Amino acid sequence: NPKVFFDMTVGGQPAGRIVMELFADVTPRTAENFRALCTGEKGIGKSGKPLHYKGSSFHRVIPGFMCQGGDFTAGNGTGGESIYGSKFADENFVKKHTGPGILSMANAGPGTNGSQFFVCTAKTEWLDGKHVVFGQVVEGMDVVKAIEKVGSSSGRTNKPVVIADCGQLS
């Protein structure tokens, strides 16, 4: 399984590296999409912007629930773009939301996977079968905690949370 990373800033301050293992052996299509968006491999998408998480933000953070990001298109939670040229199907729901660090796809209903993702800060069992789990934070979960700290009940952060750098680790 490939391992990818985010180097994060919170309020402009470096906050650490989040390291994620991608379940390519369980969700090959979903993993590859995420992995590719970490490296920037694919270049420019249909949106005219690089297919790359680098520089994008966590725009929706709810403490005790999850941190959501992945909109490198509009940078406001409405955008995002997969590497397949369109939204892609829910590959499978084998993996469940079993606790903190769970990496899963945000969507707009069935078969609408783009680039928006979320990292759980607890068990989110109610999302089972609706959101494709495809990864797990394996290092730097404490960095996710720092992100969680600036969240709110509305989801608005109170400091900008930015992916300062990102890519593939192994």
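Start at 1 with the first residue shown and count on from there.
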43-51 versus 98-106 - greater average Cα B-factor per the deposited record: 43-51
62-70 versus 22-30 - which carries the larger mean C-alpha B factor in the record: 22-30
Lowest, middle or highest third - CA B-factor, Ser154: highest
Third of chain Cα B-factors occupied by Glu91: middle
Within-chain third of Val132 by Cα B-factor, per the entry: middle
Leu37 - Cα temperature factor, lowest/middle/highest third of chain: highest
